[PDB]
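Notes to accompany the following structure.
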Ligand SMILES: *Cc1cc2c(cc1C)nc1c(=O)[nH]c(=O)nc-1n2C[C@H](O)[C@H](O)[C@H](O)COP(=O)(O)OP(=O)(O)OC[C@H]1O[C@@H](n2cnc3c(N)ncnc32)[C@H](O)[C@@H]1O
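Residue numbers (PDB author numbering): 30 to 44, 48 to 299, 308 to 374, 377 to 546.
Take a look at the structure:
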């Protein structure tokens, strides 16, 4: 159906042919556009991954047209930049929808003098890092690691990486933005006002408008960085001491050092402790620091490598060792299905509890389960809980992520056994993670913490506060009042959209 919507589009798009940016299931390149940024393969066989149209705007005016026609005739929009949402909310809906796909809005301009950049929402962080590196090796931006993450989604939900302890989240370093609200107005920080500019910086911008471009602060980094890659046996009692110390110290060591820890089973079947890190400093200083503060890791100089910050990004994207061209960061032409959940840890997990936790990896097939620690101290502890809607600051030792990966047979029953393994691991940890409410991280989206009910239900707001206070805490109620002002008719809505107050 949707005749009135589709006809209104070709009419309102300034013509140089609108049918070029409008893909429908008949068009042979519709399947390729849909698949290319379906980033979690578990949704490849999803029956709700069936937009009736995909629109690829080339200018702001195409977004305004798609917006105007969409509210006029009641059809539903899913915004997609990089497509990396872990629940695939940018390309799935239970009701008929179209995708507004921002891939062709990916222009980047950099001002080295004032250490700032403009990035359009369809750019990946790989393209941004490439542009920054071609300008200076003393400039960084703390986005994530994986080079195909879209800046559209990432900067609207937080953005954690190897340099967050030094610089804060990607959202903490946004200084302006171009946002298109429900009325089709193109606003920036001055005209959108401070409440809305607060809300889009980690509150989930897609609840409030279509971010056209972000303006970011570029940060100063030393020209060379040191990484280490290290593997230890979890059965080694000295590494168990290291993990004991890590829980208490990784969030409190030098802000220039961020250490990630992961666990998976290998090979007759044992658990590996995976340890990786970036240090904004020299190798000699890295070895002195880690040996004084984490001696049970037994870090050896052969585990450490000095390189430029952008090269450290390229290495952690699994290129290199025999290094490829820097233009690697531009190749978005990038495979197992996965489910993940996460938790905030504020008190060290007791040793016996961590053992039982990790023992659950044996119950999944070898190497499929994965448990990771991402430390939160440093700058994250110097920023208030309401500076932006992201509230997990001081008092958080690390974010604990659970993940299970698999190859999809088509068999629902066997796919459900993996979902059931994660749920089991998450339920077991209930008494040892944050409580009231159990915290979760927006950019590690998880529908199992709760979803919206129907917007006409009388308890739509309170139901939304179930997941809403897990992502945001007391910042949720301020997001609701802001949503009421900028989107009173609730055009921007999905399974975990901030609700506006019911109209009086
Ligand atoms: C797939 C993935 C994700 C990922 C990661 C590695 C991989 C392989 N590593 C991450 C990391 O190290 N640190 C981190 O904090 N997150 C990491 N992620 C997750 C990823 O960064 C987030 O999921 C992010 O939101 C993804 O953004 P992207 O833009 O790529 O994804 P999307 O599906 O298209 O959109 C995400 C949500 O935001 C809304 N959206 C998208 N664009 C806009 C604009 N322009 N305006 C408003 N809302 C927008 C989508 O509708 C969706 O809800």
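Built from N, CA and C at the ideal position, the CB exists for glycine as well.
task = Examine ligand 1 and report whether any of its heavy atoms sits within less than 7 angstroms of the Cβ of residue 353.
result = no
request  = Quick one: grab the DSSP three-state call for residue 261.
outcome  = strand
inquiry  = Whole angstroms are fine: how far does the CA of residue 277 sit from the CA of residue 436?
reply    = 19 angstroms
query = Three or more C-beta pairs closer than 8 angstroms, one from the region 460–468 and one from the region 425–435: is that the case here?
reply = no
ask   = Cα separation between residue 409 and residue 365?
value = 31 angstroms
inquiry  = So, with DSSP's three-state summary, where would you put residue 219?
reply    = strand
ask   = Below 8 angstroms, can you find three or more Cβ-Cβ pairs linking the region 202–217 to the region 352–369?
value = no
query = CB of residue 255 to nearest heavy atom of ligand 1: below 7 angstroms?
reply = no
request  = Give the range of the beta strand (DSSP E) segment to which residue 442 is assigned.
outcome  = 440–448
request  = Would you list the one or two residues that DSSP bridges to residue 246?
outcome  = 151 and 209
query = Would a C-beta distance cut-off of 8 angstroms place residue 135 and residue 64 closer than the cut-off?
reply = no
message = Judging by CA-CA distance, which residue of 531, 53, 124 and 34 is the nearest neighbour of residue 76?
response = 124
key: beta-carbon residue 177 near ligand 1 non-hydrogen atom, thresh 7 angstroms   = yes
query = When every heavy atom of ligand 1 is checked, does at least one fall within less than 7 angstroms of the C-beta of residue 215?
reply = no
task = Could you pull out every residue in the same chain whose Cβ sits closer than 6 angstroms to the Cβ of residue 526, ignoring the five residues on either side in sequence?
result = 542 and 543
query = Using the C-alpha atoms, what's the distance from residue 236 back to residue 256?
reply = 34 angstroms
task = Leaving out five residues on either side along the sequence, give the residues of the same chain with a beta carbon under 8 angstroms from the beta carbon of residue 344.
result = 258, 259, 260, 323, 326 and 327
query = Would the C-beta of residue 117 count as close to ligand 1, meaning under 7 angstroms from any of its heavy atoms?
reply = yes
inquiry  = Are there any heavy atoms of ligand 1 lying less than 7 angstroms away from the beta-carbon of residue 519, as far as the coordinates show?
reply    = no
task = Please say whether residue 245 and residue 152 have beta carbons closer to each other than 8 angstroms?
result = yes
inquiry  = Can you give me the C-alpha to C-alpha distance between residue 241 and residue 201, rounded to a whole angstrom?
reply    = 21 angstroms
task = In the DSSP assignment, find the alpha helix (DSSP H) that holds residue 58 and state where it starts and stops.
result = Neither: residue 58 is in no alpha helix (DSSP H) and is coded neither H nor E.
task = Please classify residue 411: does DSSP put it in a helix, a strand, or coil?
result = strand
key: Alpha-carbon spacing of residue 401 relative to residue 140, whole angstroms   = 46 angstroms
query = Quick one, are the C-beta atoms of residue 175 and residue 154 less than 8 angstroms apart?
reply = no
inquiry  = I need the straight-line Cα distance from residue 111 to residue 98, nearest angstrom please.
reply    = 11 angstroms
inquiry  = Excluding the 5 residues flanking residue 145 on each side, which residues of the same chain have their C-beta closer than 7 angstroms to its C-beta?
reply    = none
task = Spatial neighbours of residue 518 within its chain, please: CB distance less than 7 angstroms, with the 5 preceding and 5 following residues excluded, ordered by chain position.
result = 507, 510 and 511
key: Straight-line gap, residue 34 to residue 182 (C-alpha atoms, nearest Å)   = 28 angstroms
task = Check the DSSP bridge columns for residue 525 and list the partner residues they point to.
result = DSSP, once it has assigned bridges, lists no residue as partnering residue 525.
query = If you compare alpha carbons, which of 247, 203 and 499 is closest to residue 222?
reply = 247
query = Residue range of the beta strand (DSSP E) that residue 144 falls in?
reply = That residue, residue 144, is in no beta strand (DSSP E); it is neither H nor E in DSSP.
key: Span of the alpha helix (DSSP H), counted from its first residue to its last, around residue 158   = 157–165
query = Does the region 389–397 come close enough to the region 443–451 to have 3 or more Cβ pairs within less than 8 angstroms?
reply = no
message = Using only the alpha-carbon positions, how far apart do residue 62 and residue 56 sit?
response = 6 angstroms
query = Taking contact to mean at least 3 C-beta pairs separated by less than 8 angstroms, is the region 378–386 in contact with the region 65–73?
reply = yes
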